[PDB]
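The number in the authors' numbering is simply the position in the sequence shown, starting from 1, with 1 added.
We put the beta carbon where it would ideally sit given N, CA and C, even for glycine.
Following: one structure in structure tokens, then a few remarks.
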Amino acid sequence: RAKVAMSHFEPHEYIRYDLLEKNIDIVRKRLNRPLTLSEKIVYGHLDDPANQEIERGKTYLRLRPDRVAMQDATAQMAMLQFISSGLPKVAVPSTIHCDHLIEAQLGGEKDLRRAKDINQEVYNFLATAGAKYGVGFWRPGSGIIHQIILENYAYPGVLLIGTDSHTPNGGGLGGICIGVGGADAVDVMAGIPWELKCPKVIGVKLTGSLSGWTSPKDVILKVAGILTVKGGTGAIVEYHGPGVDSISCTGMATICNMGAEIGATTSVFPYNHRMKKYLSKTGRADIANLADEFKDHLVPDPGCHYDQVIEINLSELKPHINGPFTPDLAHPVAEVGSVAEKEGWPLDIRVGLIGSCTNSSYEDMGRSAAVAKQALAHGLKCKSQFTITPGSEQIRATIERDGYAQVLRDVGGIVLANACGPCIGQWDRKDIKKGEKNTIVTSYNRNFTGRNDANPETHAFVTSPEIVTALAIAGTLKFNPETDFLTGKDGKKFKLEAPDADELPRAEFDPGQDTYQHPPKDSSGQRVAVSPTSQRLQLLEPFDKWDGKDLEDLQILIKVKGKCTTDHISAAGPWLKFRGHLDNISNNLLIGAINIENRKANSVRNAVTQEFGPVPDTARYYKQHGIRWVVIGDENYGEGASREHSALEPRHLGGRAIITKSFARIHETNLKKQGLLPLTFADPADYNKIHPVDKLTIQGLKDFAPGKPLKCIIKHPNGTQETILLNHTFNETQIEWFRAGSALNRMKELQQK
Ligand code: SF4
Ligand SMILES: [O]
């Protein structure tokens with residue numbers, strides 16, 4: 002038995018490939034078929050491999066993740082619910098990463114120093130909560146959670162859960178990394194089996210090879226166009242084929258990462274020599290050697306069946322740019338000029354933003370600087386404003402030394418801190434007035450409405466960072482780097498050649514500024530105090546328990562039309578300063594959702610006063626008057642970010658049930674965790690039989706059972722009524738979260754009482 006540590010920070014915690022193999026063998030003895038790669042790693046992590054019922058797309062798997070990671074905008078509510086379980090330390094290796102509260106304003110350390118003084122209370126809280134419960138802490142400036150995870154923590158066959166959507170990024174290193182809400186991470190840190198609905202598996206076969214301007218990003222921008230934002234729901238995306246071996250480890254992380262934008266449970270690549278070179282370049286040669294020895298369990302079984310198969314010829318794939326308000330509106334960079342002209346999107350690119358998490362590696366920085374260096378050899382600088390986020394302090398230190406940062410700086414770039422920044426709206430913008438219509442190209446992944454700067458006329462197009470650079474040098478959406486014009490002030494030769502770059506540093510990486518903090522061995526006398534008067538941090542008052550009765554005469558707060566992401570339910574940006582305080586953050590509840598009645602964001606009819614106004618105020622009026630309510634939603638309600646606040650905030654403001662045509666995975670788990678009832682129309686046309694005025698009775702809660710539909714009476718103002726049926730995906734574990742008022746109350750009644 003090998004004793005290879007999980008990371009450089011937990012030398013006493015070994016990789017368990019013998020347990021994985023042990024459990025894969027038990028499960029294929031029961032299933033008697035080839036297993037996909039994701040099936041190998043997921044079923045190899047089952048708590049009961051001998052007795053787990055296993056069926057893709059319908060069974061709930063009780064899993065034992067190897068580690069947990071949180072970022073600081075979702076770590077706050079996850080550790081208040083861990084505090085509340087009153088466990089003295091966490092059960093598996095866990096980390097907090099301080100990357101979401103650093104606002105981009107001046108660049109680099111002006112901004113970082115600013116964020117340390119502005120978010121001192123929260124960073125203190127998380128640092129002393131981590132020292133006490135045994136959670137590793139990555140300080141402000143360390144880097145974006147996924148980038149530190151890929152560098153330090155992801156390895157082949159790991160099962161990692163993270164309180165973030167883009168945790169799937171770690172699949173570029175052959176692990177299964179799945180985003181969850183804080184209350185799931187609390188389960189695994191507390192020692193509870195993590196339950197996951199058995200994924201269906203999409204195979205993406207890659208043939209050929211990536212060439213010239215076409216980069217990793219374009220493979221997932223293509224797949225997202227192909228499959229749409231809803232197409233990966235309840236499935237893990239598995240890349241296979243001849244062309245996989247043409248992709249660097251960090252470009253495999255890029256493809257796995259944006260898979261979140263099709264709603265996939267996660268995405269993964271098979272262990273290969275590009276993962277082995279990346280493990281060795283990051284000081285984890287021993288993990289690559291161990292994985293080689295278990296490679297059979299870290300690739301798919303020959304002949305495994307994918308439920309859906311898509312083919313992408315890498316060699317004929319050419320550059321993409323997606324948007325403007327959904328990540329699945331895919332355009333080749335060549336036709337994006339002509340189609341923006343046609344559709345009424347600005348061709349002027351105000352700001353080009355490279356980096357942030359999907360695309361912030363040393364290869365992304367080398368390819369961006371290779372474009373920028375050419376512009377510079379012709380005495381050119383950017384016509385658009387340009388920002389660069391390094392993915393981690395290691396990448397910042399290594400590209401500084403290898404000179405990429407000075408080239409990016411010299412074409413007019415501002416290197417921002419190693420933090421999300423612009424990506425979740427931690428950006429103090431300035432170049433446009435409020436409501437100005439503008440374009441911005443970014444190498445991020447999401448381009449939801451007003452996500453970046455809190456302005457809706459902002460058309461955000463996502464693409465590769467080398468395309469963001471060249472298009473920032475050009476200033477317009479009608480420049481296609483592959484064919485077109487350059488001048489310089491020398492007057493000469495027009496064309497930007499294909500940005501060649503170094504995959505990894507040819508010397509060793511430079512680590513930089515010292516950013517990690519170990520939990521002390523004996524943490525006796527770590528008080529983690531939360532001020533009772535703090536406006537940033539507040540303890541969670543347990544939600545009420547279910548009174549045993551049905552839900553009669555529910556008022557509709559809002560019937561939502563169309564696309565309703567977690568950014569519509571609970572916006573980020575200025576709202577991240579309250580992510581530790583549920584009553585203050587509940588003031589953004591569904592302010593961005595579109596009301597079907599008037600098609601306005603944030604004005605719904607108050608049913609008592611008949612005055613239209615803000616959705617949070619109306620919810621608070623109903624709660625204070627004892628009027629219970631529901632949201633009626635359309636398709637894939639709760640798409641996007643994993644923030645469990647989307648679920649905590651309707652519960653806190655008096656909500657009882659959300660009834661939709663369908664839900665995104667993670668938000669539906671969170672609504673069940675907080676004691677709400679996520680329900681779906683058995684017939685989605687029934688959405689049209691429910692009008693804003695109608696009162697709803699959900700009946701037969703007293704017989705709430707797995708697989709049994711609930712009925713709903715739609716009581717029309719005029720005395721007619723009609724009964725429809727509502728489906729749910731609750732199992733008995735989850736029904737007992739409902740009955741107890743939340744999964745936290747259910748844990749608390751199990752701890753004696
Ligand atoms: S998507 Fe943006 S806010 Fe979410 S983790 Fe990545 S960089 Fe940070
Ligand atoms: O994210």
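With contacts defined as CB atoms closer than 8 angstroms, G135 and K90 qualify as a contacting pair. The three-state secondary structure of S647, taken from DSSP, is helix. As for any beta strand (DSSP E) of minimum length 3 sitting wholly inside the segment 411-466, the runs are 414-416, 439-443 and 459-463, ordered along the chain. Of the residues assessed, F486 falls on the exposed side of the cut-off, its CB having fewer than 16 other CB atoms within 10 angstroms. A184 and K601 do not touch by the CB rule: their CB atoms are close to 32 angstroms apart, not below 8 angstroms.
With fewer than 16 other Cβ atoms inside 10 Å of its own Cβ, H274 counts as exposed. For the pair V694 and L552, the Cα-to-Cα distance works out to about 17 angstroms. Cβ neighbours of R621 within its own chain (closer than 7 angstroms, five residues either side excluded): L654. Taken in chain order, the whole beta strand (DSSP E) runs of length 3 or more contained in the segment 160-200 are 160-163, 177-180 and 195-198. At the C-beta level, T470 and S369 come within 8 angstroms of one another.
For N728, the uninterrupted beta strand (DSSP E) run begins and ends at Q722 to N728, by DSSP.
Rounded to whole angstroms, the Cβ separation of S444 and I350 is 13 angstroms, and the two are not in contact under 8 angstroms.
Restricted to the segment 213-248, the beta strand (DSSP E) segments that are unbroken, complete and at least 3 residues in length are 236-241, listed in chain order. When the alpha-carbon of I256 is set against those of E636, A418, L222 and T283, the nearest one is in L222. Per the C-alpha coordinates, the member of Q309, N607 and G513 positioned closest to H626 is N607. For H321, the uninterrupted beta strand (DSSP E) run begins and ends at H321 to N323, by DSSP.
Across the set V340, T229, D297 and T215, the C-alpha of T215 shows the shortest separation from the C-alpha of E317.
For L81, the enclosing alpha helix (DSSP H) has its first and last residue at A76 to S86. CA-CA distance, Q700 to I714, rounds to 8 angstroms.
Under DSSP, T267 takes part in a beta bridge, and its partners are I237.
In this structure, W428 and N453 form a Cβ contact; the two beta carbons are roughly 7 angstroms apart against a cut-off of 8 angstroms.
Beta-bridge pairing by DSSP links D349 to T477. In summary, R34 is exposed, with fewer than 16 beta-carbon neighbours lying within 10 Å of its beta-carbon over all protein chains present. Using a C-beta cut-off of 8 angstroms, the segment 151-160 makes contact with the segment 63-75, since at least three inter-stretch Cβ pairs fall below that distance.
Counted as a single uninterrupted DSSP element, the alpha helix (DSSP H) harbouring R747 occupies residues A744 to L751. DSSP links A331 through a beta bridge to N323. Secondary structure note for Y363: its alpha helix (DSSP H) is the uninterrupted segment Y363 to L377.
An exposed status is given to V609, since fewer than 16 other beta-carbon atoms sit within 10 Å of its beta-carbon. Near ligand 2, residues with a Cβ at less than 6 angstroms from any of the ligand's heavy atoms are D165, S166, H167 and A642; the list follows chain order. DSSP places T670 within a helical segment (H, G or I) once states are collapsed to three. Using a Cβ distance threshold of 8 angstroms, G242 and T208 count as a contacting pair.
Between the alpha carbons of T283 and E152 lies a distance of about 6 angstroms. Ranked by Cα distance from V300, the first of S339, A261, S281 and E239 is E239. By the criterion of a C-beta distance shorter than 7 angstroms, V5 is surrounded in its chain by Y15, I16, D287, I288 and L291, once the five residues flanking it on both sides are discounted.
Taken atom to atom, the span from the alpha-carbon of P50 to that of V189 is near 18 angstroms. Secondary structure of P575 (DSSP, three-state): helix.
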